[PDB]
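Visitor:
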Amino acid sequence: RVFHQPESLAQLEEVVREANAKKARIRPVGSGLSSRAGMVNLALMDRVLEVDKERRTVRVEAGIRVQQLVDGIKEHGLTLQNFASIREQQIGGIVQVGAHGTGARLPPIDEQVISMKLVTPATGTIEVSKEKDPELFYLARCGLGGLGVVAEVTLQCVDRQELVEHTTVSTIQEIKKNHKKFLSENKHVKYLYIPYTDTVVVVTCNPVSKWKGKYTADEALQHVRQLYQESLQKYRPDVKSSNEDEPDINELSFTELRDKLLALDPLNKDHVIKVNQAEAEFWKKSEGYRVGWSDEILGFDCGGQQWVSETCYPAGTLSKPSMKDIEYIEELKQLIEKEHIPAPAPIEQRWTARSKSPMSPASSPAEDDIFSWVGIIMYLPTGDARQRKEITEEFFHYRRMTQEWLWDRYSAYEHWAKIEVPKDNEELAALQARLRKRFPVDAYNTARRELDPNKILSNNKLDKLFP
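With the authors' numbering applied, the sequence shown corresponds to residues 24 to 57, 64 to 242, 249 to 502, in that order.
(1) Measuring alpha carbon to alpha carbon, tell me which of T228, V232, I201, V187 ends up nearest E194.
(2) Three-state secondary structure (DSSP) at residue 245?
(3) Considering only residues of the region 112-191, which uninterrupted alpha helix (DSSP H) runs meet the minimum length of 4 residues and lie entirely inside it, listed in chain order?
(4) Does DSSP classify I426 as helix, strand or coil?
(5) In angstroms with no decimal places, state the Cα-to-Cα distance between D283 and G418.
(6) Just the Cα atoms here: how many angstroms apart are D253 and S288?
(7) Given 8 Å as the limit, is there contact between the region 137-152 and the region 214-233, that is, 3 or more CB pairs closer than that?
(8) Assuming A66 and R76 make a contact with CB atoms under 8 Å, what is their CB distance in whole Å?
(9) Using the rule of at least 16 other Cβ atoms within 10 Å of the residue's Cβ for burial, across every protein chain shown, is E485 buried or exposed?
(10) Rounding to the nearest angstrom, what Cα-Cα distance links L109 and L35 in this structure?
(11) Could you name each continuous alpha helix (DSSP H) segment of 4 residues or more that falls completely within the region 316-377, going from the start of the chain to the end?
(12) Give the C-beta separation of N111 and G132 to the nearest angstrom, bearing in mind that I take them to be a contact with Cβ-Cβ under 8 Å.
(13) Can you tell me which residues form a DSSP beta bridge with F26?
(14) State the DSSP-derived secondary structure class of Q384, mapped to helix, strand or coil.
(15) Rounding to the nearest angstrom, what Cα-Cα distance links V157 and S399 in this structure?
(16) Just mark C337 as buried or exposed, buried being the case when its beta carbon has 16 or more other beta carbons within 10 Å.
(17) Note the first and the last residue of the continuous alpha helix (DSSP H) segment covering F211.
(18) Is the region 175-184 touching the region 339-359 in the sense that three or more CB pairs, one from each, lie closer than 8 Å?
(19) Assign residue 512 to one of three DSSP states: helix, strand, or coil.
(20) Nearest to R385 by CA position, among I405, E372, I491, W342, is which residue?
(21) With a threshold of 8 Å on Cβ separation, who are the neighbours of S354 within its own chain once the five nearest residues in sequence on each side are excluded?
(22) Hey, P163 and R389: beta-carbon distance below 9 Å or not?
(23) With a cut-off of 8 Å, do at least 3 Cβ pairs link the region 322-339 to the region 260-272?
(24) Cα separation between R134 and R24?
(25) Assuming contact is defined by CB atoms lying nearer than 9 Å, are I411 and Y433 in contact in what I supplied?
(26) Beta carbon of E83: closer than 8 Å to some heavy atom of the ligand MG?
(27) Are the beta-carbon atoms belonging to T154 and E79 less than 9 Å from one another?
(28) Determine the burial state of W240: buried for a count of at least 16 other Cβ atoms within 10 Å of its Cβ, exposed for fewer.
(29) What residues are listed by DSSP as bridge partners for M436?
(30) Report the residue from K46, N43, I361, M68 whose alpha carbon sits nearest the alpha carbon of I204.
(31) Looking at the structure shown, is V218 part of a helix, part of a strand, or coil, going by DSSP?
(32) Have a look at the DSSP bridge pairing and note the partners of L107.
(33) Are the region 367-375 and the region 429-443 in contact at 8 Å, needing three or more beta carbon pairs?
(34) What is the DSSP secondary structure of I223, counted as helix, strand or coil?
(35) Check whether the Cβ atoms of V39 and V52 lie closer than 9 Å to each other.
(36) Could you check if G242 is buried or exposed, using at least 16 other CB atoms within 10 Å of its CB as the buried criterion?
Below, the structure written as structure tokens:
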């Protein structure tokens, strides 16, 4: 068991060079897709190197966390273009898996990278950009951590702006009439779908005007707090001798209440339907506006454990949306109800512009191509490993239904951070051929063999995805 924690680029280079001579194996921690290999952690390479206010760019070591980056460039009037799930991830790993936010004209995070430093086992450290080995630059931007350890990145930033977040409820039929307007006139937009109900939550975010500038929160949580009591008295009849066998349920957020509610019987579709109908009623009483800075409006703060499958599929152009992003959801909600899947809320739908990284699920040679990202979810309660196993079993069946009935039809490919390798060799061979028809696997494996001949930077997952 060897552990490495280099504090600088020079120490990381020494680690990789030392492991290449001994032909040993190293495993970067948070640098790509998730043993005898030595662990190399980049958490100490976390400093902002350069901040160009005039070009609105920042150069950072790749081990820095998103929140640390935002707080660093905040003093210079700059912020990040988009934010993915969790500000707790290192920037190098976020880019290497092609993470994304939402916004039909905003591209994924890997497209925000102007250049980077690649520490390769064979050729040392190389600097790549659109003018320095651009073929390798675009391949390695969303390189899944296989072409080398990303040590530094230069990011294109934008001005720090206050944003207005608007939350409304609607329906699929009303959304289909305003979809083209919704995607084109809003900087950020996402739809939150609630299985077994017709309620759709629409969230938009736009910069505040530098000129211009219903139900109480307790009123909206009332029916959720009492449905929990009716469930806490129905499923566990030997509990709730008072409200004192559990901390005060008031001052719990809706997200924490939903987690408590589902945990009482998460695999019963009848109970999940009741929870989802309570959620739809909560959002109906939660329309309104919020104002914050882009990082605190688009960032996510302390959720929980959950299974998520997110896929990326083309949705046409802003000038001519194919409307297949909505039709995918219509068929998905149909499958859930046909198969009685106990699917909780929300099914999250987001959009991005294209990426020029060929390994990105949103890659396209057409600059105006837009992509829809849809995530299905099931929540995992902390506690009994037995119930966590049965929820996991139900989730992989839930995921497999979308995979076998939807993905090939909509040209959908899974987010690299969420991709799961199948155990059956029949499904595994099909996945390898499918990825080979969408991404340049041959060019990818060729660069891997050249930059790492001794296979020091190799995962079981990468070797299974791209044989």
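Each residue gets a CB set at the ideal place from its N, CA and C atoms; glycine is no exception.
Guide: With the given structure in hand:
(1) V232
(2) Absent here is residue 245, because the residues of the chain run from 242 on to 249 with nothing modelled in between.
(3) 120-125, 163-170
(4) helix
(5) 20 Å
(6) 10 Å
(7) no
(8) About 27 Å separates the two Cβ atoms, so there is no contact after all.
(9) exposed
(10) 26 Å
(11) 329-333, 359-374
(12) 6 Å
(13) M68
(14) strand
(15) 21 Å
(16) exposed
(17) 201-214
(18) no
(19) Nothing about residue 512 can be read from this structure; the chain reaches only from 24 to 502.
(20) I405
(21) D403
(22) no
(23) no
(24) 46 Å
(25) yes
(26) Inclusion of the ligand MG in the displayed structure is not the case, the ligand content being empty and no account of it being possible.
(27) no
(28) exposed
(29) DSSP lists no partner for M436.
(30) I361
(31) strand
(32) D188
(33) yes
(34) coil
(35) no
(36) exposed
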